[PDB]
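A single chain, nothing else alongside it, follows as structure tokens in the form deposited in one PDB entry.
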């Protein structure tokens, strides 16, 4: 067990040994040792090893040097190789139990070696985190309990590997190839939503999740992974991209591959890696429906840290893995791993799937306004820029780290030019037409889910001429992935006089009664404004995605935070709606604060102004920092999150 403390697997080391490859582990008792892992072990396949109880050393692969011999006892040290395959091993010796071997971010020779402690702590050990959502212009951080070290998750991850397509075809090859984080990476990734029989989650995007758990409701990977195994490995209802990435992160972290979930705003996902996306809108600026895919408000994927021996030297580091399956050249599958640096450099020939990730982040959009006589005019749209605020949690702290710079060079820089050339993407001549006029959507201040509020189409005329235009404003609810719902606010002005060297601000009132019916749990509304000057026949387009704020969840920690001691969390919130909330339910969890997810229903409805308050009983079994993540659910106010860091010291 003091191996746990040595291998950073302490929480995992309870009633079975679990260690990390490339590092020596204590064992206490001429004879020889033998290890076997797969269901068809073999010597050359690395899945089986025979080694003597020497006294010297001479590394190479597996060794078992002796250290002490306290008369009736015998202390020795087994050493696994830095590239030993991952999995369950059987340990037996000959005259004259089992351990689980994971990747080792701490071992210099391991392919997943992490140069610094804080990063190993964050990307492998810390079980709580954030998934960035909201909007490019108002980023929200959703708390999430990865809980990779929660009870039974490691066993589920091994089951997850042992049931993947490649293990079914040839269990022997699979177990052997599991020495490679890129190989394990592609498996973890494909098992999340792709591989439709044994897949972990079943995606659904239509806002109709009654017969399952809505994607926005999950507050951690643990419950998903459990519902999967406890129902014979059947897809859990339901997930969406951040959920896929989130459980993929949990699995990979459990297994020891440093991983972090990333969010990209204005993501050109599900376009066939196409770098020039065109939309055709009618005279009110409404995109003319069909087979065209909308830009996603945000899209999530994960990044895993490892070396890439299967590619040109120098591509070690972060590798982008997108477990959300997308339409590809020959089928619909997930993507990666591809080195992020390759994406930044425009090296699209690198495996795997470089052109897809490159597009998510660099695609170019053209908005056309179709008119009478089928004439088509290119509108100026300065509001849309693909690949916006690539975010992931900072190492060791709750602040958000912007990693956009790792995927892209500064706009219009020379290095950007190089990358775009290497990617056959020199399209960026910029129309710059500039009617001298500009326009953008302004919000003024934060709005809350449940309230009425004004937003504004803000026009700037930095010219000597006075224009007379028509301005078409339209606001409609949107799913996080682009699906537009019905209009929830419209306004047109047919004779807008824009004075010279001035600015005008036109308000658009958005009412709760108009957006309550179709707003998804992502709380997004998309405001659109089209300004057209009939003389020159110019079209100025501007759009913005608003995020309506949910009420905050107050969290009081009652009692002294000590290991193995009653802890009460009082959670509450105030109903923001002008009507009553029914079926209120608080849900809580967090690796380190409970082994079980806690739930508390509220029998009676919470009226319009009222607050709802309950107390959850916790029994924290671990010292150190842990995030208590909480979710609130009701009939008319869903998926409101909240969290609280709890320290918990010595008993």
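Here the rigid core means the biggest group of C-alpha atoms that line up within 1.5 Å when the two forms are laid on top of each other. Positions refer to the first chain, counted from 1.
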Report, from the record, the number of residues in the deposited sequence between residue 619 and residue 620 that have no coordinates, as none, 1 to 3, 4 to 9, or 10 or more. none
When you step from residue 96 to residue 97 in this entry, do you jump over none, 1 to 3, 4 to 9, or 10 or more residues of the deposited sequence that have no coordinates? 10 or more
Higher-B stretch (mean Cα B-factor, as the entry records it), 159-167 or 133-141: 159-167
Mean C-alpha B factor from the entry: is it higher for 382-390 or for 464-472? 464-472
Highest Cα B-factor in the deposition, which of 442, 504, 417, 554? 417
Per the entry, which of 458, 544, 428, 227 tops the list for Cα B factor? 428
Chain thirds of CA B-factor: placement of residue 172: highest
Split the chain's modelled residues into thirds by Cα B-factor; residue 334 lands in the middle
Which third of the chain holds residue 521 when residues are ordered by C-alpha B factor: lowest, middle or highest? lowest
Residue 549 by Cα B-factor - lowest, middle or highest third of the modelled chain: lowest
Would you please rank residue 433 by its C-alpha temperature factor against the other modelled residues of its chain and give the third it falls in: lowest, middle or highest? highest
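Absent from the display: the form deposited with a partner chain bound. The rest refers to it.
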With the cut-off set at 4.5 Å between non-hydrogen atoms, does residue 298 touch the partner chain in the entry with it bound? yes
Indicate whether residue 273 is a 4.5 Å heavy atom neighbour of the partner chain in the entry with it bound. no
Non-hydrogen atom contact residue 205 with the partner chain in the entry with it bound at 4.5 angstroms: yes
Within 4.5 Å, heavy atoms only: does residue 216 come near the partner chain in the entry with it bound? yes
Do all of 86, 175 and 189 end up near the partner chain in the entry with it bound, with near meaning a heavy atom within 4.5 Å? no
Picking from 240-248, 405-413, 525-533, 473-481, which part of the chain touches the partner chain in the entry with it bound when contact means heavy atoms within 4.5 Å? 240-248
From the list 384, 449, 508, 100, which entry has a heavy atom within 4.5 Å of the partner chain in the entry with it bound? 384
Assert contact residue (the partner chain, in the entry with it bound, non-hydrogen atom within 4.5 Å, options 311, 139, 380, 294) equals 294
Core fitted between the shown form and the other one: which of 467, 130, 113, 149 shows a C-alpha shift of 2 angstroms or more? 467
Core-aligned C-alpha movement of residue 19 between the shown form and the other one, 2 Å or more: no
If you line up the core, does residue 387 shift 2 angstroms or more at its C-alpha between the shown form and the other one? no
How about residue 251 - superposed on the rigid core, does its CA move between the shown form and the other one by 2 Å or more? no
Comparison of CA distance in the entry with it bound with shown form for residue 330, residue 182, at least 3 Å: closer
Relative to what we see here, could you say if residue 627 and residue 306 have their Cα atoms closer or farther apart in the entry with it bound, with a change of 3 Å or more? farther
